[PDB]
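Report on one structure; see the data block that follows.
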Amino acid sequence: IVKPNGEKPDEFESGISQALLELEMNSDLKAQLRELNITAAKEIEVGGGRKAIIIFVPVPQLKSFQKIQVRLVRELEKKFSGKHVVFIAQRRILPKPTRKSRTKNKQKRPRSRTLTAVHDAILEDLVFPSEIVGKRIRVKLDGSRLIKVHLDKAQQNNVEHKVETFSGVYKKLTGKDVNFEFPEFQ
Amino acid sequence: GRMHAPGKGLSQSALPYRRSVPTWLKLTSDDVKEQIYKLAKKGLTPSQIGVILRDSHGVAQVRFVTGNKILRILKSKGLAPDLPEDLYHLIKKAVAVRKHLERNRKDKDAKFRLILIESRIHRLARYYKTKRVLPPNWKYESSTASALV
Amino acid sequence: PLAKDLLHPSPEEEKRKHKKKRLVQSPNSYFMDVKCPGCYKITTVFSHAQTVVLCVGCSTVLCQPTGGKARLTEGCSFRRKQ
Amino acid sequence: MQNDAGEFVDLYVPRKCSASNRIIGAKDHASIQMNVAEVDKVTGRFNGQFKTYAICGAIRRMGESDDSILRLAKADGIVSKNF
Amino acid sequence: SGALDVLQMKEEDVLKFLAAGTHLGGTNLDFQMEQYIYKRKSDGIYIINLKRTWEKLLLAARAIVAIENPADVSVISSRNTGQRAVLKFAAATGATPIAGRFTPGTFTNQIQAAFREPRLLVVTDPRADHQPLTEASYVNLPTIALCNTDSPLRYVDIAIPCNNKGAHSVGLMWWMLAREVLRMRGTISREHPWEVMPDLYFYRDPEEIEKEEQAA
Amino acid sequence: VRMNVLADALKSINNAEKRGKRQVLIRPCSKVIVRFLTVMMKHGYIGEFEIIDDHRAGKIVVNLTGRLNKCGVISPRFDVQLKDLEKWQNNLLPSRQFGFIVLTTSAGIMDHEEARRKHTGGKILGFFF
RNA sequence: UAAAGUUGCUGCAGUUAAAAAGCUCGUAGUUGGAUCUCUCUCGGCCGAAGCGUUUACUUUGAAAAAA
Ligand SMILES: [Mg+2]
Ligand SMILES: [Mg+2]
Ligand SMILES: [Mg+2]
Ligand SMILES: [Mg+2]
Ligand SMILES: [Mg+2]
Ligand SMILES: [Mg+2]
Ligand SMILES: [Mg+2]
Ligand SMILES: [Mg+2]
Ligand SMILES: [Mg+2]
Ligand SMILES: [Mg+2]
Ligand SMILES: [Mg+2]
Ligand SMILES: [Mg+2]
Ligand SMILES: [Mg+2]
C-alpha cells in the first residue's frame, strides 16, 4: 500500500500500511483500499503537545480517497492514540525558469506545477470536510503576512476542533501563518 | 462602453466564488460529455448547449464539472465547425442586411449599420488570423459571404 | 461618512448592492427542484431559465421564460436547492 | 524641530485635530477645544477629571464633528459600548 | 453613561418619553441623522432610538458640567415653544438665556451693548437657530443642539436626537437636561424624584392661558 | 480603457486622504501595488492594509493615518541613472528632510535612498510625502 | 541669449478673452487588465565545450587626440 517515489519506506509508513491492511480485512471498504495506495507519511507536534499525522497520497487517487475520507479518518483516529490525521496529495514543485536555467526548460512548466497553485491545493485539501468560501490576506505593520480562511458554516461542528492542527500543518509544510474563521452567512 | 454604440451598460454574469460541483448534482463527467456530443450532433452551437444544460440538467458550469470548455471538448471529439460561431453570426447578419438593402436603396441607416457590422467582421477576422485559427488568406467578400455561411 | 468598516459590511448591506459591486461577486439566481401534479418526476430548473422546460415522462410545460425570471405553470411546486 | 545638537528650535508646537490628525493653525477660528467630564462609577458625581478633544474647522464645516466626537467618546469609554 | 448602572435609563423616563412623543420624527431623514434612527414605519414617520438619545443627553450633560463658571454657558431659543424652557433651564442651572430674536454680531461685534463671550452654546433647533450657530464658527464656540430626523449638522458637535416640534417634547428634553446637569454637579440626588415637575417647561399657548383664566 | 493600475490606486488613495476618510478600497490589486504600499507603510505613512482575495485580480482595503500629504505616479516610467537621481529629487520632492521617490530596480522595488545605498539604478514609479 | 511658464519635455492654453474637425467608421502611429519563488562529458575543486528563448534597463570594465 506504500509505494514511495524514493523506494525507501520507514517505520511509521510500515505501521500505517499495517493499519490500512487491518482496515481492508476487518471493514466493509475492502475494494477501495485494495485499489488505493499511499506514497508517504509524517508526524508533527502542534498545539503544545498534540500530534498530527500527515498522509501523502498520490494525486490520481486523491479523488477516490475523498470518497472514504471521513470514515477512514474516523477508523485511523480510533486505531491510533489521540492524534489528528490529515490526508494531503503529492504535488510536485518546479523551479521558476531563469536565464541561467538549463535544458530543464525543454518543456514549458505547467501552471499546475507552481508554488502558488500547489499551496492553494494543499490548503484546499487540508480542510476537505469544509469548503473554503473566502480568503483574506492581512499585511501587518512590520511587513509580516497573515492568511484568514473562511470555512463553510454547515460543516462547522465537524472540523471546529481541528483548526489548530490545520494551522500547525500548514505552517510546517508551506511555512506561512494561517487562521480559520466561520462567517455568519452571505 | 460599447465598441460601436454610445451605451455603457453593465449587465453581465457573475460566477460564484466556489468552484466545487454541488452535492446534489448526480451527473458524472462522461455523462455530461455524452450529452454535449448528442446536442452537438443535433446541430447546436456551444452557447446553446450551455444554455440547455443550465436550464434543464442543472449543470451550472461544464468547466467546473468536466474540467474543460465546450469548444475544446468538441474539438477533441472532432465535432467542431470550420469557422468560429461569433464570426458566423456576424457574417450571417451582414448577409441579411445586404439582402434587405438591395431592395431598399433609400435606407441610409441600413448602410450605416452594414458599415459597422463589416468593420466588426474585419476586426474579428484579423484577430483570428493572428491566432492561426483561419488561414492567412481567408478574406470576407460581399459576394462570397452568402456561400460562406 | 468618514467612518465606515469596508472589511465587514452588514449582511443586508451586501444584499442591497449590485451583484458586481459587492466585495466578492455572487449571483442572485439559484437552482430549484420542481414537481408537476400529474407526474411524479422531479426536475431541476434554473431560476432565470430562457427555454421552455418540458417534463420528460409526460411532456408537461413546467415553466415559461420572461424578461427576468421564468414563471412556473399553475399547480407546480418548487423548492430551492441548498 | 531640532538641530543636530538636539536642541529644540521652534516658536510653538501646534496641536492636531483628534478626528483627522490635521494641523490646527493659528488663524483657524472654527476649531473647538472641548472638555468632557468624568464621573465616579459608584456615585455618578463630577470626579474633577476630564478628557480633552480638539476638532478642526474643516471637519465641522463638513458636519462630521458629531460622529467624530461620538467615536472619540466611545473609544475612551465615556459612551456605553451598546450605544 | 459608561455602562454604569447608576446612569442607566429608568422606566419612568421611558414613560415620560412615550407620553411626550419624543420618539416620533418627521417624514424626511437627514443623511447624517441616520445613525440615531431606529426604523421607518408606515405613513413615512421615522422612529428615534431612545437609548441613543439618552446617551447623547448624558454626553451633553458631561460637557456642560466640565465648565467651571456656570455663566459661561449660553442657552438660546428663537421659537416661542422653547423660550420658557430655556428661561427655566437658565434659572435652575445658572446659564445665560437668550429668548426670542438673536442679534447678529453678538459674538463678533465687540462694541455692541449685548456683546458676549460664551464658552459653550446650547440651541433648540439648528434650522431655526442657524444664526447663532454660524457665529459660533467665528469665535471657537462648541455647540449643542436638539436635532430631528431632518436637520443639518454643520457646526453641531453634540446632537441630541429628540423631537423638537411639540412643546411637550421640547420642555421634557430641557427639563431632563437640567436634571442631569444638576445631579452630576452634586446638587440634587438620584435617590428621589426631582421636586419640580416637567410641566413647568412647557409652552403656555395663550389659548390655554385664556381657557385656564376662565376656569374659575 | 484602464491602462495603468498604480495610477488609479494612487489617485484613489490621494482623493480619500484629502476627504479625511479612514479606509480606502482600491481595485484591482497588483503585486506592484502591494510593493508600493509596503514601501509607504515601512515609513509610517499609511498603516496596515488587507488584501481581499476574490478569484479575479483581488482588492485592497487600506487604513489611513492622516500623515500623507501627496502620493503620485510618474508616467511614463523613465529610466533613472544613479547620477541623475538628484535632479528628480529636486523636481519632485518638497524638501531634503523628508519625502521619497519610489524606484523599481533589479534588486527590487525600493526608495531612492535605499537605491543609493545599494548603488543601483532603475525605473521611476512614483513618489509620496 | 535670459527675461518667455509669450513655443510650455520639465511646463502653457482651447464655455464667454485667439481657439474642439458637422458627425461617424477606419489603416499607419501611440497606448494597453490580472497571474508563474547552469549543465553532462572529456582532461588538470578547476580547465575545455554548450550556456542563456533573447533583448530593453541598471551597475562595472576596456578603448577612447591635444587645446
Ligand atoms: Mg471604438
Ligand atoms: Mg446584457
Ligand atoms: Mg529668447
Ligand atoms: Mg525660466
Ligand atoms: Mg513675442
Ligand atoms: Mg517647474
Ligand atoms: Mg498663454
Ligand atoms: Mg471665441
Ligand atoms: Mg461639436
Ligand atoms: Mg491601429
Ligand atoms: Mg501589464
Ligand atoms: Mg577624444
Ligand atoms: Mg580632450
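Proteins get letters first, then strands, A, B, ... in listed order; numbering begins at 1 in each. All values below come from the heavy atoms of this structure, side chains included, with hydrogens, waters and symmetry mates left out.
- Between atom NZ of residue F:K42 and atom OG1 of residue F:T38 there is a gap of 6.5 Å, rounded to the nearest 0.5 Å.
- For the P atoms, the distance linking G:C38 with G:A34 amounts to 33 Å, nearest Å.
- Nucleotide G:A18 carries a north-puckered sugar, as indicated by a positive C1'-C2'-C3'-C4' torsion.
- Taking the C1' atoms as reference points, G:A62 lies 23 Å from G:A56, given to the whole Å.
- Heavy-atom distances to RNA chain G give each of F:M3 and B:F112 a nearest nucleotide, and the one nearer the 5′ end belongs to B:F112.
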Write down the protein N/O and nucleotide N/O pairs, taken from nucleotides 57-59 of chain G, whose separation is under 3.5 Å; answer none if there are no such pairs.
residue: G:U58; atom: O2'; partner: F:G121; partner atom: N; Å: 2.8
residue: G:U59; atom: OP1; partner: F:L82; partner atom: N; Å: 2.8
residue: G:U59; atom: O3'; partner: F:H119; partner atom: NE2; Å: 2.8

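- Rounded to the nearest Å, the gap between the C1' atom of G:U27 and that of G:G22 is 24 Å.
- Judged as a salt bridge (charged side-chain N to carboxylate O under 4.0 Å, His left out), the pairs with a partner in residues 113-130 of chain B (not counting sequence neighbours) are, in order, B:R98-B:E118, B:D109-B:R113.
- For A:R136, the side-chain hydrogen bond (donor to acceptor under 3.5 Å, both in side chains) criterion is met by no residue, not counting sequence neighbours.
- Partner F:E50 forms a salt bridge (charged side-chain N to carboxylate O under 4.0 Å, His left out) with one of A:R145, A:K140, A:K135, A:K148 and no other, that one being A:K148.
- Residue-level contact check: F:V1 touches neither bases nor backbone, having no heavy atom under 4.0 Å from any strand.
- Glycosidic conformation at G:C40 (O4'-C1'-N9-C4 for purines, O4'-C1'-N1-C2 for pyrimidines): anti, more than 90° from 0.
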Do any N or O atoms of the protein come closer than 3.5 Å to N or O atoms of nucleotides 47-49 of chain G, and which pairs are they?
none

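- A side-chain hydrogen bond (donor to acceptor under 3.5 Å, both in side chains) check over residues 23-37 of chain F, counting only residues at least two apart or in different chains, returns the pairs F:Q23-F:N63.
- When rounded to the nearest whole Å, the span between CG of A:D120 and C1' of G:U35 equals 12 Å.
- Proximity note for F:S30 (side chain, C-beta onward) versus G:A34, G:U55, G:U10: the nearest is G:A34.
- Here G:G26 presents its P atom at 15 Å from OH of B:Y140, a figure rounded to the nearest Å.
- Nucleotide G:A34 holds its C1' atom 14 Å from the CG atom of F:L6, rounded to whole Å.
- On the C1' atoms, G:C25 is 26 Å away from G:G33, given to the nearest whole Å.
- Between A:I44 and A:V46, the closest side-chain pair of non-hydrogen atoms falls below 4.5 Å.
- The distance from atom CG of F:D8 to atom CG of F:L6, rounded to the nearest 0.5 Å, is 9.0 Å.
- For RNA chain G, the stems formed by at least three consecutive Watson-Crick or G-U pairs, with both atom-pair distances below 3.5 Å, span G:41-43 with G:46-48.
- Checked against the 6.0 Å centroid criterion, the rings of F:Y45 and F:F128 qualify as a close aromatic pair.
- No donor-acceptor distance shorter than 3.5 angstrom exists from the side chain of F:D84 to the backbone of F:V80, with no hydrogens or angles considered.
- Separating the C1' atom of G:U58 from that of G:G50 is a span of 28 Å, rounded to the nearest Å.
- In this structure, B:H122 reaches neither bases nor backbone, as no heavy-atom distance under 4.0 Å exists between it and the strands shown.
- With G:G32, G:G26, G:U53 as the candidates, the nucleotide lying closest to the side chain of B:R123 is G:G26.
- Between the side chains of C:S26 and A:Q186, no donor-acceptor pair is found at a separation under 3.5 Å.
- By the rule that a glycosidic angle within 90° of 0 means syn, G:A56 does not qualify and counts as anti.
- Note that NZ of C:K19 and CD of C:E14 are 15.0 Å apart. Values are rounded to the nearest 0.5 Å.
- Comparing G:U53 with G:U60, their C1' atoms are spaced 26 Å from each other, to the whole Å.
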What pairs of donor and acceptor atoms, side-chain ones from residues 60-71 of chain B against any protein atom, are under 3.5 angstrom apart with sequence neighbours left out?
residue: B:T66; atom: OG1; partner: B:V62; partner atom: O; Å: 3.0
residue: B:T66; atom: OG1; partner: B:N68; partner atom: N; Å: 3.4
residue: B:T66; atom: OG1; partner: B:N68; partner atom: O; Å: 3.2

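- When rounded to the nearest whole Å, the span between CD1 of B:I121 and P of G:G26 equals 13 Å.
- Applying the salt bridge (charged side-chain N to carboxylate O under 4.0 Å, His left out) definition to pairs two or more places apart or across chains, those involving residues 111-129 of chain F are F:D79-F:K123, F:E86-F:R116, F:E114-F:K118.
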Identify all pairs in which a protein N or O lies below 3.5 Å from an N or O of nucleotides 36-39 of chain G, and state each distance.
residue: G:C36; atom: OP2; partner: F:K31; partner atom: NZ; Å: 3.3
residue: G:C36; atom: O2'; partner: A:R109; partner atom: NH2; Å: 3.3
residue: G:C36; atom: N4; partner: A:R111; partner atom: NH2; Å: 3.0
residue: G:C38; atom: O4'; partner: A:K100; partner atom: O; Å: 3.4
residue: G:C38; atom: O2; partner: A:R102; partner atom: NE; Å: 2.6
residue: G:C38; atom: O2; partner: A:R102; partner atom: NH2; Å: 2.7

Per-pair distances, 0.1 Å, donor-acceptor, side chain in residues 166-178 of chain A, under 3.5 Å, sequence neighbours excluded:
residue: A:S167; atom: OG; partner: A:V178; partner atom: O; Å: 3.0
residue: A:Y170; atom: OH; partner: A:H119; partner atom: O; Å: 3.0
residue: A:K171; atom: NZ; partner: A:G175; partner atom: O; Å: 2.7

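- Protein atom CD1 of F:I74 is 16 Å distant from nucleotide atom P of G:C9, rounded to whole Å.
- If you measure from atom CG of F:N4 to atom P of G:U30, you get 19 Å, rounded to the nearest angstrom.
- Residues in residues 106-116 of chain A take part in no side-chain hydrogen bond (donor to acceptor under 3.5 Å, both in side chains) pair, two or more places apart or across chains.
- The gap from the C1' atom of G:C42 to that of G:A49 amounts to 9 Å, rounded to the nearest Å.
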Report, one line per pair, each donor and acceptor closer than 3.5 Å where one atom sits in a side chain of residues 131-149 of chain B; sequence neighbours left out.
none

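- In this model, the phosphate group of G:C25 is not approached by any side-chain N or O of B:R120 to a distance below 4.0 Å at OP1 or OP2.
- Between the side chain of B:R126 and the base of G:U27 there is no donor-acceptor pair of N/O atoms closer than 3.5 Å.
- For the pair A:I137 CD1 and G:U35 P, the interatomic distance rounds to 12 Å; values are reported in whole Å.
- For the pair A:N105 CG and G:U54 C1', the computed distance is 14 Å after rounding to whole Å.
- Rounded to whole Å, the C1' atom of G:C51 lies 8 Å from the corresponding atom of G:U39.
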